[PDB]
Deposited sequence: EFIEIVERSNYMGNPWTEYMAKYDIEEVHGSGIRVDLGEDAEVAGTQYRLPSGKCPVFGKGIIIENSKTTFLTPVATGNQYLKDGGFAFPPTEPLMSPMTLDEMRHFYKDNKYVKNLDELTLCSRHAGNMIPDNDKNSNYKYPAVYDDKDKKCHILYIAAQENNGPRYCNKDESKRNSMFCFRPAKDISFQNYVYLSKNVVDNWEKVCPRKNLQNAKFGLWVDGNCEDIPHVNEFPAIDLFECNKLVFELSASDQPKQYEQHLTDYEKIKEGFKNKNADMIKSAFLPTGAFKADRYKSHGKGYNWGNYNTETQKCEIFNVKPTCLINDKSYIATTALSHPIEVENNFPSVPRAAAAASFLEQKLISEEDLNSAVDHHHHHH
């Protein structure tokens, strides 16, 4: 028979809806004054993602250090400008874009992405380079990230360039990592909340079958399972169309709350199985928020 889950499961086809790396998103190239740079290009927001700077006095949302201290000290965020472009609260962005009907009423995540995307590096009128952003969903503030790099942790170097890695840390729970490509309609086409009493499956001959091969990792709670899925997810950087994942990777997990097992897999799921012991998560999903009821499929 025909699959009734099609429309519902569309947001879980990560390769199609996001289409780039999750752990490290560097799915496009852009130019600044003749030089090419790799930059984020995922279409979905990444809930709970931040950057851990190894052996640092501050967090990544601290502005970049200046002059020769750039990339040694400070954080990743845009330095103070005249007028101040970053950080910008939700209210300040809506006021700043008040003359633009296409931007002023965008949802907060899309607005933060468009605001970051308005900054031209070096005022190079030919540049297509668009800074990513971090939205703090608790304080309702948009932080433009000056640094688009997400991982620098080779055993080699890790006074000199700082070492860092992407992560879903408990302190990043209200942060949302945004590429320049974050879609207007993310709420309808992208994952956010984890699915309580649901297990991802594969639709075969009129029935939702279990994922036939999973990679089992132990996890004390849902947050730790989401951290694990994130760590193993699509990455546009080899861990420490060149290295472009295009959204391919271990982006899905079925968390068994009873056996404390995070069952990680790398193919798109095509249906849901109602199972009281499970929570269905993705690398993109919020690390804590759950959708309380199993969906009613017509």
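When the deposited sequence is numbered from 1, the segments without any C-alpha atom are 1-11, 170-176, 259-293, 352-381.
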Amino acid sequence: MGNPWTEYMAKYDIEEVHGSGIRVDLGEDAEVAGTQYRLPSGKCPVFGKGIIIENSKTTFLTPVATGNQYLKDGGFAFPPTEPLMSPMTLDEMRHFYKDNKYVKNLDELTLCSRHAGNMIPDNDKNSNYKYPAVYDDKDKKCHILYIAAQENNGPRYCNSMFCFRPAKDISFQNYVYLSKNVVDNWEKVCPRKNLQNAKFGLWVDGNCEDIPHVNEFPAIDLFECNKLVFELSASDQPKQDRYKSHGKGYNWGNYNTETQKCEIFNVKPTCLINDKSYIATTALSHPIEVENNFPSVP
From here on, numbers count along this sequence of modelled residues.
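Two stretches are in play, 209-217 and 79-87, and the higher mean C-alpha B-factor belongs to 79-87. Taking the mean C-alpha B-factor of each stretch as recorded, 219-227 and 114-122 are not equal, and the higher mean is that of 114-122. Among 266, 235, 254, 58, the highest C-alpha B-factor recorded in the PDB entry belongs to 58. Ranking 156, 168, 98, 180 by Cα temperature factor from the entry places 156 first. Sort the chain's modelled residues by C-alpha temperature factor and residue 41 lands in the lowest third, per the entry. Residue 199: CA B factor in the middle third of modelled residues in this chain (values from the PDB entry). In this PDB entry, the Cα temperature factor of residue 172 sits in the bottom third of its chain's modelled residues, the lowest group.
Sort the chain's modelled residues by C-alpha temperature factor and residue 262 lands in the middle third, per the entry. Looking at the C-alpha B-factors along this chain, the one for residue 48 belongs to the lowest third.
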